[PDB]
Amino acid sequence: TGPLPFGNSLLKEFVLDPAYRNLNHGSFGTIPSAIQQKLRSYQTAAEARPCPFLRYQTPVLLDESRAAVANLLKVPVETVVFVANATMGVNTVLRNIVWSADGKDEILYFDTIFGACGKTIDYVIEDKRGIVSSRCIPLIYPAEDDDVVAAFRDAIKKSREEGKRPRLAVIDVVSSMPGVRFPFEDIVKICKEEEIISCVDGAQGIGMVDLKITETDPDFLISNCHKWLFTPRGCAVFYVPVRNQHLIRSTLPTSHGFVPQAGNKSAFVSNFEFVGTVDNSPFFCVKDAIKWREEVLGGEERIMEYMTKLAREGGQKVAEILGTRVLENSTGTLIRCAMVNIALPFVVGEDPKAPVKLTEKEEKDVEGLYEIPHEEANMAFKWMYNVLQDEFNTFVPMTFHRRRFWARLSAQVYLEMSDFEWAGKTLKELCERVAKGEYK
Amino acid sequence: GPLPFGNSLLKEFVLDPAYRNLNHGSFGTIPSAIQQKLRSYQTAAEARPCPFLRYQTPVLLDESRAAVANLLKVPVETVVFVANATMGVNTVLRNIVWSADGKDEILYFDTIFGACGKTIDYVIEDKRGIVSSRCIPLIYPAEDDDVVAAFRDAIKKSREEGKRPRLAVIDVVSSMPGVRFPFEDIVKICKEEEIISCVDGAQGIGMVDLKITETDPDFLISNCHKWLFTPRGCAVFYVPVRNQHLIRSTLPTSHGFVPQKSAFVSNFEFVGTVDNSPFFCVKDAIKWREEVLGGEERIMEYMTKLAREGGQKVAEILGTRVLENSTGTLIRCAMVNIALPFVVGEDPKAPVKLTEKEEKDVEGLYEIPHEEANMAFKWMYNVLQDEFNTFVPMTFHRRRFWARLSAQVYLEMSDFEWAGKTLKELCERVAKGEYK
Ligand SMILES: C[N+](C)(C)[C@@H](Cc1c[nH]c(SO)n1)C(=O)O
């Protein structure tokens with residue numbers, strides 16, 4: 001005998017509501033029933049002998065999860081620690097960077113940055129008083145990989161032309177909205193060519209795609225284990241190479257491990273073990289999830305290849321149903337993850353305060369589609385979220401990009417092709433309802 | 001009706017029957033009925049993730065906020081939930097805009113919690129010296145007037161050096177040692193001197209009356225998971241609406257931040273993806289403590305009365321004393337400190353000249369050399385669990401070790417007699433040099 005087959009037969013191993021269809025695993029993730037049992041096993045041990053377990057078994061269990069995730073990512077264990085989530089990790093980097101005294105440091109970032117990380121940038125500048133500022137790089141999707149590379153090299157060239165210093169850049173592994181594989185290998189590589197700190201936001205990363213940490217060699221990398229590695233909610237892996245760990249002077253929040261102003265566990269690794277009393281049972285389950293995905297399922301590569309294959313083929317099915325298309329570039333490099341974006345068969349029309357000149361391909365593509373007006377776009381956007389939840393018992397996040405709604409579907413090992421055919425209707429049935437102005 | 005207190009109440013908890021929890025104040029524990037609430041919220045989250053986590057989270061957060069604000073007798077618009085007390089005080093210190101002249105000073109007492117004290121050090125490092133601090137040393141047993149006078153002088157001395165006392169962090173109940181702190185007198189002085197009163201009340205809710213309305217602090221944090229029978233990883237953050245604008249960003253910064261139901265309350269709903277089931281259980285722990293245990297007033301009345309009579313029993317057994325001032329105001333919480341019957345040799349680099357009463361209380365007592373003080377401290381911690389199946393934190397103060405015992409509603413006098421005999425035999429083996 002061997003690993004379990006994928007598809008709806010795998011739902012027996014999970015704890016989803018059978019009447020609910022989880023097309024949006026990429027937002028909060030979920031865990032199999034066995035990992036939920038492990039999580040409550042750590043809860044039980046924590047309340048049986050609180051002080052003996054929380055004081056001296058927390059470092060032991062953390063080190064077991066650190067060695068389990070480090071071998072998966074194929075990095076030295078001394079380079080990985082656990083934090084609350086991707087939002088927490090990104091702040092740990094941005095709040096710790098000592099900016100140059102001359103006030104020219106600039107944070108380069110793309111306009112598809114996760115909203116929380118973007119607002120973390122906005123405030124870091126407010127709190128740090130304008131010693132640093134930010135330059136947003138507008139990306140146009142579907143985006144060819146070389147055009148993204150070109151726009152980032154153009155932002156550096158422009159930054160220096162205004163006498164400023166591109167200091168740090170945040171880079172997605174897989175972007176949130178739209179759910180798209182980002183060419184982070186090239187942008188990270190040029191960050192070192194131009195001596196720019198690479199802060200890799202890879203929240204949509206571990207468990208879904210190969211992060212290639214040893215090869216890309218980033219200065220910092222964040223990734224949510226609870227998103228695609230079946231780790232309980234509230235866990236991210238924080239990778240820092242030893243050359244740059246001295247820059248993480250304080251954790252978030254500051255705790256006992258901080259040092260103001262031999263030869264065992266490093267002070268960096270020690271500082272992340274106790275950062276305030278929390279439930280660490282999700283951190284403990286990381287070694288269980290990696291074990292379960294390997295022993296019960298085929299392993300990481302068999303998991304990832306199925307999801308990506310299902311994301312392309314299934315995204316293509318809902319695209320052929322709706323009569324639109326998938327979000328993809330000419331190199332086929334955007335759908336290199338478990339998520340896929342499909343355009344909905346209508347448009348919202350020009351907004352006068354912010355007009356959009358679409359390319360010929362985009363205008364040509366919309367010919368014949370039904371058009372609602374722009375005042376009702378936000379109203380229709382909220383109406384589709386409730387109806388999907390209330391009538392259809394599902395959730396589908398949608399990206400509003402250039403007068404098109406792009407639905408983001410996320411494939412997973414407990415899903416199959418019939419789950420997209422169902423997604424085809426619901427989106428098409430519901431899109432037939434917005435054309436009839438039902439949201440009013 | 002109300003359940004009786006004592007060892008019979010251990011039925012309702014899920015502690016190891018071989019383990020004696022004398023150390024509730026460190027991490028707390030929850031009854032089984034709150035454990036099944038925690039797992040219910042966890043199960044609802046995994047059943048329908050996006051529908052439950054996006055739209056049922058704010059409703060459940062508001063239900064716990066209404067419950068925790070109703071018990072604090074404060075407006076619901078004043079309270080939000082943060083991860084822990086450490087996270088709460090980091091939210092205050094990391095948001096305060098310090099004066100441009102670089103004269104602002106953070107005032108604190110040397111009994112501050114280590115993480116909170118370390119937070120001051122980093123903030124000073126993070127703000128590149130635009131703000132500094134001043135540590136007020138304290139000697140325990142500390143009379144309330146001496147603490148107030150040490151704070152008044154710190155204010156007077158701060159101004160005499162061209163500095164401005166800007167912010168003071170005040171304990172409701174200190175950690176090590178576990179003592180009720182005269183925060184009411186210190187917060188009132190903070191108002192008169194126009195000093196931000198950042199009240200660290202981690203050892204607070206469920207254990208002592210915080211009298212927030214009377215004291216009217218600028219900020220207050222308190223761990224529900226310590227003494228409110230709330231699952232681990234929960235602290236209630238109180239902010240009056242007059243300073244809510246000072247809290248610019250949560251920790252970490254999330255969607256609710258506004259770059260330059262109120263926005264302050266909304267900003268704390270979604271602050272990075274976490275397990276919020278501990279926050280959701282606050283409403284249930286409060287309701288369980290009301291019906292099953294008989295109400296909030298009855299619980300903390302029993303625990304401190306038990307801490308007094310139990311702490312005195314331990315002191316009688318060891319032949320030493322409880323940590324208490326002449327007013328009897330230190331043991332006004334569910335914790336008590338008892339001196340152990342030995343002494344540490346004088347540290348030659350950091351000599352501590354004892355008062356006459358301190359030196360007479362240590363006469364005839366066995367003495368450990370200071371070079372062995374850390375070795376004996378680690379030995380007692382290992383033996384207390386491996387051989388006695390319990391944990392007792394000890395405060396090293398003025399060449400003495402003070403053991404901090406945490407009273408609880410599931411304990412009774414027989415538990416503190418056990419601790420006294422356990423500690424007596426433990427120190428007898430220390431006197432024999434067993435730690436070598
Ligand atoms: C064991 N520990 C949680 C790391 C703490 C001990 C401790 C006691 N009480 C608390 S509550 O945050 N922590 C430390 O040693 O710094």
# chains A, B, ... in the order shown; residues from 1 in each chain; ligands from 1
$ select_by_dssp --residues "stretch 186-380 of chain A" --states "alpha helix (DSSP H)" --output "compact mmCIF listing (two decimals) with C-alpha atoms, in the first residue's frame"
# COMPACT_ATOMS: atom_id res chain seq x y z
CA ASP A 186 15.00 37.80 -10.89
CA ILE A 187 14.04 40.70 -8.62
CA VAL A 188 15.87 39.15 -5.66
CA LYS A 189 18.92 38.60 -7.88
CA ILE A 190 19.06 42.22 -9.02
CA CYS A 191 18.50 43.42 -5.44
CA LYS A 192 21.98 42.03 -4.74
CA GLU A 193 23.41 43.44 -7.93
CA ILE A 213 15.75 29.69 -0.64
CA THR A 214 19.31 28.36 -0.93
CA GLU A 215 19.45 29.36 -4.61
CA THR A 216 17.79 32.79 -4.52
CA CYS A 225 2.65 27.48 7.14
CA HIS A 226 -1.06 27.76 7.98
CA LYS A 227 -1.88 28.65 4.36
CA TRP A 228 -0.55 25.70 2.38
CA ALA A 267 20.66 34.45 20.66
CA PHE A 268 18.61 35.05 17.50
CA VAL A 269 16.95 31.63 17.75
CA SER A 270 16.56 32.04 21.51
CA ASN A 271 14.89 35.45 21.18
CA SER A 281 0.26 24.52 19.80
CA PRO A 282 0.15 25.64 16.12
CA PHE A 283 3.95 25.98 16.14
CA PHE A 284 4.23 22.49 17.63
CA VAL A 286 4.46 22.03 12.08
CA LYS A 287 6.47 18.82 12.52
CA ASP A 288 3.21 16.84 12.55
CA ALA A 289 1.90 18.43 9.35
CA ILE A 290 5.19 17.81 7.53
CA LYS A 291 5.13 14.21 8.77
CA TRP A 292 1.47 13.73 7.84
CA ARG A 293 1.87 15.20 4.35
CA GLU A 294 4.82 12.84 3.81
CA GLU A 295 3.51 9.64 5.41
CA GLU A 300 5.59 17.87 -0.86
CA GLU A 301 6.32 17.49 -4.58
CA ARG A 302 3.37 15.15 -5.19
CA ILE A 303 1.10 17.54 -3.29
CA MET A 304 2.35 20.64 -5.11
CA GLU A 305 2.29 19.18 -8.62
CA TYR A 306 -1.33 18.03 -8.25
CA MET A 307 -2.50 21.44 -7.02
CA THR A 308 -0.70 23.36 -9.77
CA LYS A 309 -1.91 20.92 -12.43
CA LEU A 310 -5.43 21.15 -11.01
CA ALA A 311 -5.14 24.95 -10.84
CA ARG A 312 -4.32 25.26 -14.54
CA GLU A 313 -6.69 22.60 -15.89
CA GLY A 314 -9.49 23.54 -13.52
CA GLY A 315 -9.05 27.25 -14.04
CA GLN A 316 -9.18 26.54 -17.76
CA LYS A 317 -12.47 24.67 -17.29
CA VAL A 318 -14.25 27.51 -15.48
CA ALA A 319 -12.79 29.84 -18.12
CA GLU A 320 -14.26 27.72 -20.94
CA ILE A 321 -17.59 27.58 -19.09
CA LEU A 322 -17.86 31.33 -18.43
CA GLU A 360 -6.48 46.75 -27.86
CA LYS A 361 -6.39 43.17 -26.54
CA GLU A 362 -8.50 44.23 -23.54
CA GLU A 363 -11.01 46.42 -25.42
CA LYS A 364 -11.29 43.76 -28.12
CA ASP A 365 -11.82 41.14 -25.41
CA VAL A 366 -14.76 42.97 -23.79
CA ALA A 377 -19.80 48.06 -9.16
CA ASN A 378 -19.08 48.14 -5.43
CA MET A 379 -22.73 47.26 -4.78
CA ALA A 380 -22.55 44.23 -7.08
$ residues_around --residues "residue B:3" --least-positions-apart "5" --cutoff "10 Å" --atoms "only C-alpha atoms" --output "ChimeraX atom specification"
/B:8-9,12,291-294
$ residues_near_ligand --ligand "ligand 1" --cutoff "7 Å" --atoms "only C-alpha atoms and all ligand atoms" --output "list in words"
residues 54, 55, 256, 274, 276 and 277 of chain A; 26 and 27 of chain B
$ closest_residue --among "A:11, A:296, A:107, A:73" --to "residue A:413" --atoms "only C-alpha atoms"
A:11
$ interface_residues --of "chain A" --to "chain B" --cutoff "8 Å" --atoms "only C-alpha atoms" --output "PyMOL selection string"
chain A and resi 15-17+20+22+24+27-31+44+47-52+84-88+91+96+115-117+119-120+122-123+126-127+233-235+250+252-256+258-261+275-279+389+395
$ select_by_dssp --residues "stretch 70-307 of chain B" --states "strand (DSSP E)" --output "MDAnalysis selection string"
chainID B and resid 79:82 104:109 132:136 164:171 196:200 219:223 235:238
$ closest_residue --among "B:186, B:365, B:131, B:336" --to "residue B:163" --atoms "only C-alpha atoms"
B:131
$ residues_around --residues "residue A:429" --least-positions-apart "5" --cutoff "12 Å" --atoms "only C-alpha atoms" --output "PyMOL selection string"
chain A and resi 321-322+344-345+384+387-388+391-392+422-424+434-436+438
$ atom_distance --atom1 "atom CA of residue B:304" --atom2 "atom CA of residue B:407"
7.2 Å
$ residues_around --residues "residue B:354" --least-positions-apart "3" --cutoff "9 Å" --atoms "only C-alpha atoms" --output "ChimeraX atom specification"
/B:357-359,398-399
$ write_last_selection --atoms "N, CA, C and O atoms" --output "compact mmCIF listing (two decimals), in the first residue's frame"
# COMPACT_ATOMS: atom_id res chain seq x y z
N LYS B 357 17.18 45.11 60.89
CA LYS B 357 16.11 44.12 61.00
C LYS B 357 16.28 42.99 60.00
O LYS B 357 15.93 41.84 60.29
N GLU B 358 16.83 43.28 58.82
CA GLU B 358 17.10 42.22 57.85
C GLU B 358 18.20 41.29 58.33
O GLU B 358 18.13 40.08 58.12
N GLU B 359 19.23 41.84 58.98
CA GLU B 359 20.33 41.01 59.45
C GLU B 359 19.94 40.15 60.64
O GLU B 359 20.51 39.08 60.85
N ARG B 398 17.73 41.14 48.05
CA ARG B 398 18.45 41.52 49.27
C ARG B 398 19.09 40.30 49.93
O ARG B 398 18.99 40.09 51.14
N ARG B 399 19.76 39.49 49.11
CA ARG B 399 20.47 38.28 49.54
C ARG B 399 19.54 37.23 50.14
O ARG B 399 19.97 36.38 50.92
$ atom_distance --atom1 "atom CA of residue B:344" --atom2 "atom CA of residue B:368"
4.7 Å
$ atom_distance --atom1 "atom CA of residue A:167" --atom2 "atom CA of residue A:183"
19.8 Å
$ residues_around --residues "stretch 168-174 of chain B" --least-positions-apart "5" --cutoff "9 Å" --atoms "only C-alpha atoms" --output "tab-separated table (two decimals) with C-alpha atoms, in the first residue's frame"
chain	number	residue	atom	x	y	z
B	89	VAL	CA	2.56	47.49	26.67
B	105	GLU	CA	11.82	60.28	29.99
B	106	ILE	CA	10.14	56.96	30.76
B	107	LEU	CA	9.84	56.37	34.51
B	108	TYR	CA	9.57	52.83	35.88
B	109	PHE	CA	10.36	50.84	39.01
B	111	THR	CA	10.44	45.52	39.96
B	112	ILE	CA	9.19	45.89	36.37
B	113	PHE	CA	8.51	42.75	34.37
B	116	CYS	CA	8.40	45.30	29.81
B	179	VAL	CA	2.73	42.12	45.65
B	180	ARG	CA	-0.18	44.54	45.33
B	181	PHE	CA	1.28	47.83	44.10
B	182	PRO	CA	-0.10	51.27	45.27
B	183	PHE	CA	-1.02	52.22	41.71
B	184	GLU	CA	-3.89	54.51	42.76
B	186	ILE	CA	0.94	56.78	41.51
B	187	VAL	CA	-1.63	57.30	38.75
B	190	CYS	CA	0.83	61.08	37.04
B	195	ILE	CA	2.49	62.11	33.00
B	196	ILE	CA	1.12	59.29	30.85
B	197	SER	CA	0.02	56.55	33.25
B	198	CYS	CA	0.73	53.31	31.35
B	199	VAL	CA	-0.67	50.79	33.82
B	200	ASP	CA	0.75	47.26	33.56
B	201	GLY	CA	-2.08	45.32	35.18
B	202	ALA	CA	-1.11	41.89	33.85
B	203	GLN	CA	-1.70	40.44	37.34
B	204	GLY	CA	-5.09	42.08	37.44
B	208	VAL	CA	-8.22	42.23	42.16
B	210	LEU	CA	-8.81	47.44	39.03
B	330	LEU	CA	1.27	43.93	49.93
B	332	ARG	CA	-3.97	42.24	48.64
B	333	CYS	CA	-3.95	39.75	45.74
$ residues_around --residues "residue B:65" --least-positions-apart "2" --cutoff "12 Å" --atoms "only C-alpha atoms" --output "count of residues only"
37
